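In: Structure here, sequence nowhere to be found:
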Ligand SMILES: [Zn+2]
């Protein structure tokens, strides 16, 4: 498609639980992508990831 779709489910870097709530229902810590990008053609948003974390509440949509 033209517009990029949000990455697949994530995993808690503290415990290791997978979910799509962006949060770990076990401990209560935000979840992160367990399978990060290894091959970057440009890596424009590479280091930017360090300052990519932001506060924004969104609503999920049913497929
Ligand atoms: Zn956790």
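Out: Cool, got the structure. Residues are numbered from 1 along each chain as shown.
In: What residues does the residue nearest to residue 12 when sequence neighbours are not counted make contact with?
Out: Nearest residue to residue 12 in three dimensions, chain neighbours excluded: residue 24, at 3.8 Å (CB to CB, 6 or more residues apart in numbering). Heads up, the C-betas are built off the backbone N, CA and C, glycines and all. If you count contacts by CB atoms under 8 Å, 6 or more residues apart in numbering, residue 24 has them with 12, 14, 15, 17, 30, 31.
In: next one: phi and psi at residue 24?
Out: According to degrees, to the nearest 10, the main-chain angles of residue 24 amount to phi -90, psi 110.
In: Not counting its own residues, what contacts stretch 25-32?
Out: Stretch 25-32 is contacted from outside by 10-15, 17-19, 21-24, using CB under 8 Å, 6+ apart.
In: Can you select the buried ones among these for me in ChimeraX?
Out: Listed next is the ChimeraX selection for buried residues among the contacts of stretch 25-32, using 16 or more other CB atoms under 10 Å:
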select :10,11,12,24
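In: Can you list the buried residues in stretch 2-10?
Out: For stretch 2-10, the buried set under the neighbour-count rule, 16+ other CB under 10 Å, comprises residue 10.
In: do the same with stretch 28-38
Out: residue 31.
In: show me which of the contacts of residue 24 neighbour the ion.
Out: 12, 14, 15 (CB under 5 Å from the ion).
In: Columns secondary structure on top of those, output as CSV?
Out: Listed next are those as CSV, based on DSSP: H, G, I helix; E, B strand; the rest coil:
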residue, secondary structure
12, coil
14, coil
15, coil
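In: closest to residue 63 among those?
Out: Of all those, residue 63 sits closest to residue 12, with 23.8 Å by CB to CB.
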